[PDB]
Structures are given as structure tokens and as C-alpha cells.
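Undergrad: My structure file protein-v2.cif, mmCIF, C-alpha atoms and all ligand atoms, is below:
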```cif
data_query
#
loop_
_atom_site.group_PDB
_atom_site.id
_atom_site.type_symbol
_atom_site.label_atom_id
_atom_site.label_comp_id
_atom_site.auth_asym_id
_atom_site.auth_seq_id
_atom_site.Cartn_x
_atom_site.Cartn_y
_atom_site.Cartn_z
ATOM 1 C CA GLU A 5 95.118 12.368 -62.304
ATOM 2 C CA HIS A 6 96.150 12.922 -58.649
ATOM 3 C CA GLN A 7 93.894 10.091 -57.419
ATOM 4 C CA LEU A 8 95.919 7.747 -59.658
ATOM 5 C CA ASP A 9 99.264 6.205 -58.736
ATOM 6 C CA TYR A 10 102.017 6.515 -61.309
ATOM 7 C CA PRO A 11 104.527 3.849 -60.235
ATOM 8 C CA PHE A 12 107.277 5.364 -62.409
ATOM 9 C CA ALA A 13 106.635 9.028 -61.508
ATOM 10 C CA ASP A 14 107.979 11.342 -64.247
ATOM 11 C CA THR A 15 109.470 8.503 -66.257
ATOM 12 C CA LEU A 16 108.721 8.722 -69.951
ATOM 13 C CA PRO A 17 110.871 6.583 -72.234
ATOM 14 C CA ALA A 18 112.913 8.568 -74.728
ATOM 15 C CA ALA A 19 112.115 8.125 -78.392
ATOM 16 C CA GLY A 20 114.033 5.191 -79.774
ATOM 17 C CA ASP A 21 114.420 3.663 -76.323
ATOM 18 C CA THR A 22 112.506 1.358 -73.996
ATOM 19 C CA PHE A 23 111.582 1.346 -70.339
ATOM 20 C CA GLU A 24 110.914 -1.904 -68.476
ATOM 21 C CA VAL A 25 107.574 -1.536 -66.728
ATOM 22 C CA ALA A 26 107.525 -5.189 -65.631
ATOM 23 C CA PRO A 27 109.805 -8.224 -66.119
ATOM 24 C CA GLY A 28 109.825 -8.916 -69.833
ATOM 25 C CA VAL A 29 107.522 -5.932 -70.578
ATOM 26 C CA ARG A 30 109.068 -2.895 -72.252
ATOM 27 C CA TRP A 31 107.399 0.483 -72.802
ATOM 28 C CA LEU A 32 108.061 2.533 -75.929
ATOM 29 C CA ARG A 33 106.593 5.963 -76.601
ATOM 30 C CA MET A 34 106.087 7.299 -80.105
ATOM 31 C CA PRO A 35 105.381 10.911 -81.147
ATOM 32 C CA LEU A 36 102.152 11.699 -82.943
ATOM 33 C CA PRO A 37 101.568 14.976 -84.875
ATOM 34 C CA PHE A 38 98.038 15.616 -83.525
ATOM 35 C CA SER A 39 96.560 17.033 -80.326
ATOM 36 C CA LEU A 40 97.026 13.512 -79.048
ATOM 37 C CA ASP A 41 100.813 13.776 -79.196
ATOM 38 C CA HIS A 42 101.952 10.239 -78.422
ATOM 39 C CA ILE A 43 101.117 6.560 -78.407
ATOM 40 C CA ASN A 44 102.578 3.977 -76.020
ATOM 41 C CA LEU A 45 103.692 0.708 -77.619
ATOM 42 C CA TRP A 46 104.660 -2.520 -75.896
ATOM 43 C CA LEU A 47 107.615 -4.838 -76.542
ATOM 44 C CA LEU A 48 107.030 -8.195 -74.827
ATOM 45 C CA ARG A 49 109.880 -10.656 -74.353
ATOM 46 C CA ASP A 50 108.711 -13.900 -75.890
ATOM 47 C CA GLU A 51 109.627 -17.308 -77.321
ATOM 48 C CA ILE A 52 107.676 -19.146 -80.062
ATOM 49 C CA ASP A 53 108.587 -22.656 -81.229
ATOM 50 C CA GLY A 54 111.812 -22.506 -79.243
ATOM 51 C CA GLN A 55 112.913 -19.197 -80.747
ATOM 52 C CA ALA A 56 113.356 -16.265 -78.370
ATOM 53 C CA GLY A 57 112.144 -12.822 -79.450
ATOM 54 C CA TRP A 58 109.587 -10.055 -79.037
ATOM 55 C CA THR A 59 105.869 -9.720 -79.539
ATOM 56 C CA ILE A 60 104.985 -6.180 -80.547
ATOM 57 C CA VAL A 61 101.748 -4.670 -79.306
ATOM 58 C CA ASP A 62 100.663 -1.790 -81.587
ATOM 59 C CA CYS A 63 102.614 -0.045 -84.280
ATOM 60 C CA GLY A 64 102.388 3.738 -84.555
ATOM 61 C CA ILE A 65 101.183 5.635 -87.609
ATOM 62 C CA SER A 66 103.229 5.426 -90.784
ATOM 63 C CA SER A 67 105.511 8.467 -90.330
ATOM 64 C CA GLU A 68 109.207 9.240 -90.842
ATOM 65 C CA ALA A 69 109.641 9.973 -87.143
ATOM 66 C CA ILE A 70 108.095 6.755 -85.875
ATOM 67 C CA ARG A 71 109.712 4.575 -88.557
ATOM 68 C CA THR A 72 113.113 6.047 -87.654
ATOM 69 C CA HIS A 73 112.524 5.317 -83.955
ATOM 70 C CA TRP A 74 111.490 1.717 -84.684
ATOM 71 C CA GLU A 75 114.697 1.243 -86.688
ATOM 72 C CA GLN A 76 116.630 2.547 -83.691
ATOM 73 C CA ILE A 77 114.823 0.143 -81.362
ATOM 74 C CA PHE A 78 115.576 -2.713 -83.749
ATOM 75 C CA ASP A 79 119.235 -1.751 -83.717
ATOM 76 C CA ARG A 80 119.825 -1.066 -80.047
ATOM 77 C CA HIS A 81 117.093 -2.513 -77.820
ATOM 78 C CA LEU A 82 115.997 -5.954 -79.058
ATOM 79 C CA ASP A 83 119.063 -7.765 -77.607
ATOM 80 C CA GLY A 84 119.673 -8.910 -81.159
ATOM 81 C CA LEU A 85 116.493 -11.036 -81.111
ATOM 82 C CA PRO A 86 113.820 -10.951 -83.821
ATOM 83 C CA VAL A 87 110.255 -9.818 -83.566
ATOM 84 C CA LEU A 88 108.086 -12.970 -83.568
ATOM 85 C CA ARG A 89 104.652 -11.465 -84.321
ATOM 86 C CA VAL A 90 102.796 -8.166 -84.295
ATOM 87 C CA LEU A 91 99.690 -7.872 -82.124
ATOM 88 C CA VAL A 92 97.273 -4.946 -82.584
ATOM 89 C CA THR A 93 94.633 -3.780 -80.102
ATOM 90 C CA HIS A 94 92.320 -2.138 -82.630
ATOM 91 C CA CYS A 95 92.327 -0.566 -86.068
ATOM 92 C CA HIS A 96 92.767 3.146 -85.300
ATOM 93 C CA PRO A 97 95.696 4.482 -87.333
ATOM 94 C CA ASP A 98 98.044 5.222 -84.419
ATOM 95 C CA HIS A 99 97.818 1.533 -83.377
ATOM 96 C CA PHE A 100 97.669 -0.142 -86.792
ATOM 97 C CA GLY A 101 99.397 2.102 -89.337
ATOM 98 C CA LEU A 102 102.840 0.443 -89.283
ATOM 99 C CA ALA A 103 101.555 -3.113 -88.881
ATOM 100 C CA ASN A 104 102.397 -4.172 -92.440
ATOM 101 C CA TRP A 105 105.808 -2.454 -92.299
ATOM 102 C CA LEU A 106 106.552 -4.134 -88.964
ATOM 103 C CA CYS A 107 105.267 -7.526 -90.078
ATOM 104 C CA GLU A 108 107.553 -7.417 -93.077
ATOM 105 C CA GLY A 109 110.668 -6.508 -91.132
ATOM 106 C CA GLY A 110 110.907 -2.739 -91.330
ATOM 107 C CA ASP A 111 113.279 -0.890 -93.639
ATOM 108 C CA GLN A 112 115.827 -3.691 -93.718
ATOM 109 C CA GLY A 113 113.427 -6.655 -94.033
ATOM 110 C CA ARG A 114 114.677 -8.331 -90.847
ATOM 111 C CA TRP A 115 111.768 -10.770 -90.395
ATOM 112 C CA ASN A 116 108.386 -11.759 -91.831
ATOM 113 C CA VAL A 117 105.826 -12.351 -89.102
ATOM 114 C CA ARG A 118 102.084 -12.640 -88.688
ATOM 115 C CA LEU A 119 99.652 -9.932 -87.580
ATOM 116 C CA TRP A 120 97.457 -10.835 -84.567
ATOM 117 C CA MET A 121 94.166 -8.889 -84.378
ATOM 118 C CA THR A 122 90.465 -9.310 -83.768
ATOM 119 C CA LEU A 123 88.258 -9.996 -86.776
ATOM 120 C CA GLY A 124 86.168 -6.839 -86.360
ATOM 121 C CA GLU A 125 89.198 -4.568 -86.146
ATOM 122 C CA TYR A 126 91.109 -6.239 -88.962
ATOM 123 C CA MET A 127 88.083 -6.292 -91.289
ATOM 124 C CA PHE A 128 87.142 -2.681 -90.472
ATOM 125 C CA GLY A 129 90.779 -1.660 -90.899
ATOM 126 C CA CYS A 130 90.832 -3.346 -94.286
ATOM 127 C CA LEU A 131 87.577 -1.636 -95.260
ATOM 128 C CA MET A 132 88.992 1.763 -94.332
ATOM 129 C CA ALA A 133 92.340 1.363 -96.059
ATOM 130 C CA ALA A 134 90.426 0.761 -99.344
ATOM 131 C CA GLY A 135 89.647 4.516 -99.319
ATOM 132 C CA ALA A 144 77.910 10.342 -98.433
ATOM 133 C CA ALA A 145 79.149 11.863 -95.147
ATOM 134 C CA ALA A 146 77.514 15.121 -96.231
ATOM 135 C CA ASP A 147 73.890 13.971 -96.289
ATOM 136 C CA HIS A 148 74.548 12.447 -92.839
ATOM 137 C CA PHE A 149 76.113 15.488 -91.162
ATOM 138 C CA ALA A 150 73.548 17.781 -92.787
ATOM 139 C CA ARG A 151 70.691 15.694 -91.431
ATOM 140 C CA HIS A 152 72.200 16.262 -87.961
ATOM 141 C CA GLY A 153 72.446 20.080 -88.026
ATOM 142 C CA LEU A 154 75.606 20.996 -90.065
ATOM 143 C CA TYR A 169 92.419 10.114 -95.050
ATOM 144 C CA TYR A 170 92.939 6.850 -93.137
ATOM 145 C CA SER A 171 95.281 5.553 -95.876
ATOM 146 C CA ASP A 172 97.768 8.393 -95.258
ATOM 147 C CA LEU A 173 98.368 6.871 -91.822
ATOM 148 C CA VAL A 174 97.739 3.247 -92.856
ATOM 149 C CA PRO A 175 99.202 3.046 -96.373
ATOM 150 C CA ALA A 176 99.298 -0.768 -96.460
ATOM 151 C CA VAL A 177 97.601 -3.496 -94.450
ATOM 152 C CA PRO A 178 98.860 -7.050 -93.853
ATOM 153 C CA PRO A 179 96.906 -9.333 -96.219
ATOM 154 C CA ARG A 180 96.661 -12.126 -93.612
ATOM 155 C CA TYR A 181 96.090 -12.300 -89.908
ATOM 156 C CA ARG A 182 95.797 -14.638 -86.945
ATOM 157 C CA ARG A 183 92.446 -13.958 -85.300
ATOM 158 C CA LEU A 184 92.185 -12.970 -81.632
ATOM 159 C CA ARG A 185 88.875 -13.548 -79.877
ATOM 160 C CA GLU A 186 87.232 -12.755 -76.576
ATOM 161 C CA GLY A 187 88.524 -15.024 -73.851
ATOM 162 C CA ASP A 188 91.536 -16.330 -75.774
ATOM 163 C CA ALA A 189 94.559 -17.220 -73.709
ATOM 164 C CA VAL A 190 97.652 -15.886 -75.429
ATOM 165 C CA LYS A 191 100.899 -17.173 -73.933
ATOM 166 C CA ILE A 192 103.641 -14.546 -74.217
ATOM 167 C CA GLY A 193 106.910 -15.242 -72.451
ATOM 168 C CA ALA A 194 106.054 -16.216 -68.880
ATOM 169 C CA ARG A 195 102.529 -14.843 -68.986
ATOM 170 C CA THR A 196 99.102 -15.857 -70.138
ATOM 171 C CA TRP A 197 97.460 -12.711 -71.500
ATOM 172 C CA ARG A 198 93.673 -13.069 -71.698
ATOM 173 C CA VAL A 199 91.881 -11.295 -74.546
ATOM 174 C CA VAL A 200 89.347 -8.818 -73.160
ATOM 175 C CA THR A 201 87.179 -7.273 -75.890
ATOM 176 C CA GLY A 202 85.721 -3.801 -75.567
ATOM 177 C CA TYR A 203 83.046 -2.073 -77.598
ATOM 178 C CA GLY A 204 81.918 1.453 -78.371
ATOM 179 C CA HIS A 205 85.333 2.894 -79.225
ATOM 180 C CA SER A 206 86.002 0.498 -82.133
ATOM 181 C CA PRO A 207 84.470 -2.698 -83.595
ATOM 182 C CA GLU A 208 86.103 -5.239 -81.289
ATOM 183 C CA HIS A 209 88.870 -3.687 -79.207
ATOM 184 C CA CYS A 210 91.499 -6.100 -77.889
ATOM 185 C CA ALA A 211 92.858 -5.410 -74.418
ATOM 186 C CA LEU A 212 95.195 -7.979 -72.899
ATOM 187 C CA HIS A 213 94.870 -9.057 -69.276
ATOM 188 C CA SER A 214 97.582 -10.966 -67.352
ATOM 189 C CA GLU A 215 95.680 -11.961 -64.237
ATOM 190 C CA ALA A 216 98.380 -13.875 -62.313
ATOM 191 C CA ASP A 217 100.691 -10.892 -61.862
ATOM 192 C CA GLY A 218 98.101 -8.146 -62.370
ATOM 193 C CA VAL A 219 98.980 -6.333 -65.608
ATOM 194 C CA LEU A 220 96.519 -4.819 -68.085
ATOM 195 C CA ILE A 221 97.370 -3.601 -71.589
ATOM 196 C CA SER A 222 94.327 -1.397 -71.865
ATOM 197 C CA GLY A 223 94.547 -0.025 -75.408
ATOM 198 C CA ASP A 224 92.283 2.991 -75.635
ATOM 199 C CA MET A 225 89.538 1.562 -73.394
ATOM 200 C CA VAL A 226 90.972 2.957 -70.116
ATOM 201 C CA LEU A 227 93.142 6.026 -70.455
ATOM 202 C CA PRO A 228 94.402 7.776 -67.294
ATOM 203 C CA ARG A 229 94.173 11.390 -68.404
ATOM 204 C CA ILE A 230 91.822 11.615 -71.395
ATOM 205 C CA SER A 231 88.462 10.141 -72.150
ATOM 206 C CA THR A 232 87.977 7.440 -74.781
ATOM 207 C CA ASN A 233 86.466 8.597 -78.061
ATOM 208 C CA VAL A 234 82.896 7.339 -78.619
ATOM 209 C CA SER A 235 81.117 8.282 -81.830
ATOM 210 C CA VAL A 236 78.212 7.591 -84.146
ATOM 211 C CA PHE A 237 78.996 7.573 -87.873
ATOM 212 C CA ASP A 238 77.031 7.420 -91.093
ATOM 213 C CA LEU A 239 77.746 3.681 -91.462
ATOM 214 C CA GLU A 240 75.727 2.645 -88.423
ATOM 215 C CA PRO A 241 73.614 5.738 -87.729
ATOM 216 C CA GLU A 242 71.368 4.212 -85.033
ATOM 217 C CA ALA A 243 74.405 2.906 -83.092
ATOM 218 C CA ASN A 244 74.716 3.053 -79.294
ATOM 219 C CA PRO A 245 78.499 3.281 -78.790
ATOM 220 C CA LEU A 246 78.379 5.048 -75.422
ATOM 221 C CA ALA A 247 76.188 2.391 -73.864
ATOM 222 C CA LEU A 248 78.472 -0.305 -75.336
ATOM 223 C CA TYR A 249 81.486 1.529 -73.938
ATOM 224 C CA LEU A 250 79.997 2.032 -70.485
ATOM 225 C CA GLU A 251 79.097 -1.644 -70.443
ATOM 226 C CA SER A 252 82.577 -2.691 -71.595
ATOM 227 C CA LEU A 253 84.109 -0.742 -68.692
ATOM 228 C CA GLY A 254 82.674 -3.288 -66.279
ATOM 229 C CA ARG A 255 85.328 -5.752 -67.477
ATOM 230 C CA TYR A 256 88.102 -3.744 -65.809
ATOM 231 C CA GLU A 257 86.092 -2.568 -62.770
ATOM 232 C CA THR A 258 86.153 -6.083 -61.323
ATOM 233 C CA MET A 259 89.892 -6.651 -61.856
ATOM 234 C CA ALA A 260 92.348 -6.359 -58.960
ATOM 235 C CA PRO A 261 92.663 -2.865 -57.428
ATOM 236 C CA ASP A 262 96.460 -2.939 -57.714
ATOM 237 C CA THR A 263 96.379 -3.860 -61.377
ATOM 238 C CA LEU A 264 99.092 -2.184 -63.363
ATOM 239 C CA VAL A 265 97.366 -0.526 -66.322
ATOM 240 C CA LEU A 266 99.420 0.022 -69.491
ATOM 241 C CA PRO A 267 97.406 2.536 -71.535
ATOM 242 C CA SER A 268 98.167 3.593 -75.050
ATOM 243 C CA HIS A 269 98.115 7.290 -74.081
ATOM 244 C CA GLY A 270 99.291 8.633 -70.723
ATOM 245 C CA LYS A 271 101.526 6.781 -68.272
ATOM 246 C CA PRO A 272 101.396 3.323 -66.645
ATOM 247 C CA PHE A 273 99.272 3.629 -63.538
ATOM 248 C CA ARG A 274 97.469 1.842 -60.755
ATOM 249 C CA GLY A 275 93.940 2.794 -59.817
ATOM 250 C CA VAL A 276 91.889 1.323 -62.625
ATOM 251 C CA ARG A 277 88.719 1.336 -60.516
ATOM 252 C CA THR A 278 89.261 4.978 -59.542
ATOM 253 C CA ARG A 279 89.757 6.032 -63.172
ATOM 254 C CA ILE A 280 86.676 4.184 -64.332
ATOM 255 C CA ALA A 281 84.671 5.877 -61.597
ATOM 256 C CA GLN A 282 85.857 9.183 -63.065
ATOM 257 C CA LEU A 283 84.967 8.202 -66.613
ATOM 258 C CA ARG A 284 81.498 7.065 -65.550
ATOM 259 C CA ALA A 285 80.928 10.338 -63.647
ATOM 260 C CA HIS A 286 82.226 12.376 -66.577
ATOM 261 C CA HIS A 287 79.912 10.710 -69.089
ATOM 262 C CA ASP A 288 77.029 11.071 -66.629
ATOM 263 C CA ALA A 289 77.657 14.798 -66.487
ATOM 264 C CA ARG A 290 77.837 14.946 -70.288
ATOM 265 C CA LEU A 291 74.545 13.030 -70.626
ATOM 266 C CA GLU A 292 72.812 15.246 -68.089
ATOM 267 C CA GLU A 293 73.792 18.368 -70.037
ATOM 268 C CA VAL A 294 72.193 16.816 -73.083
ATOM 269 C CA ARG A 295 69.047 15.973 -71.089
ATOM 270 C CA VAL A 296 68.928 19.598 -69.945
ATOM 271 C CA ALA A 297 69.289 20.918 -73.487
ATOM 272 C CA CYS A 298 66.559 18.705 -75.015
ATOM 273 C CA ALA A 299 64.151 19.537 -72.202
ATOM 274 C CA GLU A 300 64.149 23.192 -73.330
ATOM 275 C CA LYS A 301 63.492 22.549 -77.030
ATOM 276 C CA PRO A 302 64.173 19.803 -79.557
ATOM 277 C CA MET A 303 67.919 19.679 -80.286
ATOM 278 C CA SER A 304 69.939 18.413 -83.232
ATOM 279 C CA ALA A 305 73.385 16.875 -82.858
ATOM 280 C CA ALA A 306 74.899 20.133 -84.191
ATOM 281 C CA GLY A 307 72.993 22.012 -81.479
ATOM 282 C CA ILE A 308 74.417 19.763 -78.766
ATOM 283 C CA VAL A 309 78.045 20.454 -79.736
ATOM 284 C CA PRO A 310 78.318 23.981 -78.223
ATOM 285 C CA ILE A 311 76.691 22.787 -74.996
ATOM 286 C CA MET A 312 78.772 19.620 -74.743
ATOM 287 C CA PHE A 313 82.167 21.039 -75.679
ATOM 288 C CA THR A 324 82.944 17.239 -87.335
ATOM 289 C CA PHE A 325 84.237 14.724 -84.835
ATOM 290 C CA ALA A 326 82.343 16.525 -82.081
ATOM 291 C CA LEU A 327 79.020 15.917 -83.839
ATOM 292 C CA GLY A 328 79.676 12.187 -83.688
ATOM 293 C CA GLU A 329 80.300 12.447 -79.965
ATOM 294 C CA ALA A 330 77.097 14.467 -79.517
ATOM 295 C CA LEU A 331 75.210 11.817 -81.533
ATOM 296 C CA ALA A 332 76.556 9.122 -79.191
ATOM 297 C CA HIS A 333 75.040 10.870 -76.150
ATOM 298 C CA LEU A 334 71.774 11.598 -77.934
ATOM 299 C CA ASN A 335 71.486 7.982 -79.175
ATOM 300 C CA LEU A 336 72.046 6.536 -75.723
ATOM 301 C CA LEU A 337 69.209 8.641 -74.289
ATOM 302 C CA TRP A 338 67.115 7.913 -77.327
ATOM 303 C CA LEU A 339 67.622 4.154 -77.214
ATOM 304 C CA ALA A 340 66.958 4.234 -73.435
ATOM 305 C CA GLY A 341 63.522 5.768 -73.968
ATOM 306 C CA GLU A 342 64.471 9.175 -72.569
ATOM 307 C CA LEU A 343 64.248 10.841 -75.983
ATOM 308 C CA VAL A 344 62.229 10.623 -79.190
ATOM 309 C CA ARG A 345 63.538 11.547 -82.647
ATOM 310 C CA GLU A 346 61.838 13.401 -85.467
ATOM 311 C CA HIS A 347 62.785 14.179 -89.062
ATOM 312 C CA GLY A 348 61.957 17.868 -89.560
ATOM 313 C CA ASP A 349 60.577 19.414 -92.724
ATOM 314 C CA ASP A 350 64.108 20.788 -93.213
ATOM 315 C CA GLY A 351 65.437 17.208 -93.063
ATOM 316 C CA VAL A 352 67.149 17.661 -89.680
ATOM 317 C CA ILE A 353 66.802 14.929 -87.046
ATOM 318 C CA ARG A 354 65.996 16.343 -83.630
ATOM 319 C CA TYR A 355 65.681 14.772 -80.199
ATOM 320 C CA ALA A 356 63.053 15.770 -77.644
ATOM 321 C CA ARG A 357 61.196 14.214 -74.727
ATOM 322 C CA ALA A 358 58.286 11.850 -75.514
HETATM 323 ZN ZN ZN B 401 91.630 4.458 -80.732
HETATM 324 ZN ZN ZN B 402 94.807 5.418 -79.541
#
```
For this file, produce the structure as C-alpha cells.
TA:
Amino acid sequence: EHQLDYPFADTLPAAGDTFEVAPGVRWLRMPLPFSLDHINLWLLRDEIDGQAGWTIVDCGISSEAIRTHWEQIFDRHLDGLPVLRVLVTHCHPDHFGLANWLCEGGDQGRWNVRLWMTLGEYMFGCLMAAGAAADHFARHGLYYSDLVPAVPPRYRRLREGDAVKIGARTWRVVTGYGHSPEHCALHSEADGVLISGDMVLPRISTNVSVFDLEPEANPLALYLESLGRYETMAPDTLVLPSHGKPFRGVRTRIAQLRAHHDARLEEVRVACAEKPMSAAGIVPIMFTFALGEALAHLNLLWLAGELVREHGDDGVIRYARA
């Protein structure tokens, strides 16, 4: 991380509190009970139809800790203004879980506002909250509703290239692929601010996986292509990532992510040059989730013509050179 610039140094907002990272832009940090221990949420000062308030970006999972901290932020750090709408970058549970609860005003029903989301994320989120994977993981070498217990039944659709006026800014929708169906990052070009969601994280790489639902997918190529959207943005762009700290150096970080994935891909090349490898066989070299990440690297090489697949007489799919 030492090649990155953290403009606020050791600053981390306390739970239940905000930190102003830019005029009208407040940073909240919520605890998560996983190895990924936090998510950053954004409170944006706003005014819609003459009414001043806040646009929320991302929600937290549905947990007692996060809910309690939202109630504290409602009580102490909204200047007595309402939330005007809830905007969600993508459907992963730490971003989307509390969307319905937020939309409907939290524990005390303080407002009733609309969810803003991309169609792919909202639809996929709906599909997943309505809840096989054994015949899929076996052929490669081997609950969402707890975190998202309700979903808003309506939404206002965000699309690539939309201009979303929030307070004094025009945030441009920048869609990203490979991590999730249709990931919404928000770009404010005039002043140089980027709400990056999970597409550009300063300290950790972005999850990229192949699942049973789309088993020939190429998420890593999609992701590596999506990264070009931030590479061309201003060098001094303030990045607001959902995990880690606000930072400058987006081009430097992306250079690191591209190098990292290149090293990962090369290890997979090396392994399949020795003998045909299954996704399960790639895991110990590369590092249930991990199989999906191994499948993403194998599928990229496969779809690029660098590997061929074969269904073995034991029903395992293996990847080797042509
Ligand atoms: Zn995510
Ligand atoms: Zn995330």
C-alpha cells in the first residue's frame, strides 16, 4: 500500500460516526463479522425537489451491530435531515443487505425512499434472496438471505453513463463487470472523486469467480477490461473504496492488480503445462470459494485459446494445452 497516498493517514471513522472526506461527502465504516472485517458506506449531502437530505450509498449486512450504528448515525449525524434515497453499488450482501430496512426508515420508520441500483444487480439480488452446486464442484475436482432478509420490491434503475446529480456534483455511473452482474461505481469528474465499490480496492484484490449458473463465464477478462475505465481517470482522483481507506493513486493500484493477476495466470499456465489440471488441482498452487477463483483463471486462458478442456471418464473437467 506504500505506493498509495492516504490523504487522511490513520483516520478511520468510529462506528456510529462520520468523517468528511470531501465537501458534502461523509465516510462511515461498518463492522463485518468475516475475514473482510468492514465495509465503507457513503453519506452524500443532497437535495431532491427542494428538500435537503442525504443519499446513502450502500447499506451494510443485516446485523444487530450495523443496525445499531445506523440508528446512531440517524440520531446524531444527519443534521436532522432525512435520507432521500438509497443507492447501491452492487448486490453483494455487505452492500445490499440493509437496503430494504434503510429504504423504509430504519427501526423508527423515519422515511420511505426509493432504492437506486442497476438492473443486473437488483435482479440478481432478488434472485438470490429467493433462496445442484454439488455436481458442479465435483466436475471440477472436489445463505444470502441471512444477510439480505428482505429486498425492496421496487427500484429506480441506474445505467451506464447516467448522470446522477447529488448535491453539488454530477456523479457519472461507471459500470464494471466480472465481480458482479453490473457493478455501479460513481464518478464525479469535475472535482475528481470516485466511489469505487469493490472494483478498485487499495489493499485487497477484487473477488472474481465462476459459478454453476454461468459455467463457461469469463469474469477475470471482464474484470481486467473493466479496470480500463479507472486507468484513464485523473491521477489525483480521490478513490472511495468500500474496503480499505480513501486514497489517491488509482493508476498505481490498478497496475498492481494487473501485475498480480498476471502472476496468478502464469502460475496456472505453469501448472497445466506439466499435466492436465482440474480447478481443484489449481487451488493449492494458486493459494469452495477458491475453486471459483481458480475456474476464473482457467476460463480466461481457455477462452483465449491457451488451454483446451476435456471431460474425463471420471467426469472431471481438466485444462491442458492444445
Ligand atoms: Zn462485492
Ligand atoms: Zn464489498
Undergrad: Using only C-alpha atoms and all ligand atoms, determine which residues fall within 7 Å of ligand ZN 401 (chain B), then list them as a PyMOL selection string.
TA: chain A and resi 94+96+205+224
Undergrad: Counting all atoms listed in the file, what are the residues, protein, DNA or RNA alike, that approach ligand ZN 402 (chain B) to within 8 Å? I want them as a PDB file with C-alpha atoms, in the frame of the given file.
TA:
```
ATOM      1  CA  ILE A  43     101.117   6.560 -78.407  1.00  0.00           C
ATOM      2  CA  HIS A  96      92.767   3.146 -85.300  1.00  0.00           C
ATOM      3  CA  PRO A  97      95.696   4.482 -87.333  1.00  0.00           C
ATOM      4  CA  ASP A  98      98.044   5.222 -84.419  1.00  0.00           C
ATOM      5  CA  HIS A  99      97.818   1.533 -83.377  1.00  0.00           C
ATOM      6  CA  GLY A 223      94.547  -0.025 -75.408  1.00  0.00           C
ATOM      7  CA  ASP A 224      92.283   2.991 -75.635  1.00  0.00           C
ATOM      8  CA  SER A 268      98.167   3.593 -75.050  1.00  0.00           C
ATOM      9  CA  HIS A 269      98.115   7.290 -74.081  1.00  0.00           C
TER      10      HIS A 269
END
```
Undergrad: Nearest to residue 351 in chain A: which of A:33, A:89, A:151, A:73 is it, counting all atoms listed in the file?
TA: A:151
Undergrad: Report, in Å to a single decimal, how far apart CA of residue 253 in chain A and CA of residue 204 in chain A are.
TA: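 If I compute the distance from CA of residue 204 in chain A to CA of residue 253 in chain A, I get 10.2 Å.
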Undergrad: List, as a ChimeraX atom specification, every residue that the PyMOL selection byres (((chain A and resi 175) around 10) and not hetatm) selects in the file provided.
TA: /A:65-66,97,101-105,133-134,169-174,176-177
Undergrad: Using all atoms listed in the file, which residues sit within 12 Å of residue 291 in chain A once same-chain residues fewer than 4 positions away are excluded, as a PyMOL selection string?
TA: chain A and resi 246-247+284-287+295-298+308+311-312+329-338+340+342-343
Undergrad: Pick out the residues sitting within 8 Å of residue 181 in chain A, and hand them over as a ChimeraX atom specification; count all atoms listed in the file, and ignore anything fewer than 3 positions along from it in its own chain.
TA: /A:118-121,126,178
Undergrad: Could you list, as number ranges by chain, every residue within 7 Å of residue 116 in chain A, counting all atoms listed in the file and ignoring same-chain residues fewer than 4 positions away?
TA: A: 107-109
Undergrad: Taking all atoms listed in the file into account, which of A:76, A:206, A:122, A:282 comes nearest residue 21 in chain A?
TA: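 Ranking A:76, A:206, A:122, A:282 by distance to residue 21 in chain A, first place goes to A:76.
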Undergrad: Using all atoms listed in the file, find the one residue out of A:209, A:114, A:80, A:49 that sits nearest to residue 195 in chain A.
TA: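 Checking each candidate against residue 195 in chain A, we get A:49 as the closest.
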Undergrad: For the file shown, what are the residues hit by the PyMOL selection byres (((chain A and resi 187) around 9) and not hetatm), laid out as a ChimeraX atom specification?
TA: /A:184-186,188-189,198-201
Undergrad: Could you list, as a ChimeraX atom specification, every residue matched by the PyMOL selection byres (((chain A and resi 266) around 7) and not hetatm) in this structure?
TA: /A:220-222,264-265,267-268,272-273
Undergrad: Using only C-alpha atoms for the distances, tell me which of A:358, A:154, A:226, A:192 is nearest to residue 281 in chain A.
TA: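 Using only C-alpha atoms, residue 281 in chain A sits closest to A:226.
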Undergrad: Tell me, in Å to one decimal, how far CA of residue 147 in chain A is from CA of residue 325 in chain A.
TA: 15.5 Å
Undergrad: Calculated over only C-alpha atoms, which of the candidates A:213, A:252, A:208, A:91 has the smallest distance to residue 182 in chain A?
TA: A:91
